[PDB]
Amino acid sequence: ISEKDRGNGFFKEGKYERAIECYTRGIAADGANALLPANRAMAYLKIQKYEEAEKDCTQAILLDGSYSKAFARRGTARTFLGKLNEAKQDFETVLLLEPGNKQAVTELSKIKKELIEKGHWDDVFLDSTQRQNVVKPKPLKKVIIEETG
């Protein structure tokens, strides 16, 4: 009977817009619960409403500052919106709340590579946390050296 439980039913059946109605009704009847906005952000993702999904995730994060799944959904949403550096900061937060989260490790590689491809070297090299994973030191390949800063 819970408006969230009723919304989850439509969600399993792939009826995404009808689950949002239930999630909206559940939000307007319980603004403190962080499950409802995160659930509605997940349904927004299923219909490529990435802008609307980011706000629903931030609302959930404000309510619960440790909601790992909320950072995850905002991370994918921010990638589709192009906010790569902001997406990287979310998935690295997940990696702190859930060390070894496989979705986080995968999406972090895919993001940190596209950031370097676009030239945002400092966003990767300066904000890096894994600097302690030291690595102590056949045709060759000439790699051109662009500039930055």
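The first residue of the shown sequence is 1; numbering continues from there.
- According to the record, the deposited sequence contains 10 or more residues between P137 and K138 that were left without coordinates.
- Higher mean CA B-factor, judged across 59-67 and 42-50 from the recorded values: 42-50.
- Higher mean CA temperature factor between 138-146 and 3-11: 138-146, per the PDB entry.
- Annotation for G26: CA B-factor lies in the middle third of the chain's modelled residues.
- In this PDB entry, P99 carries a Cα temperature factor that places it within the highest third of its chain's modelled residues.
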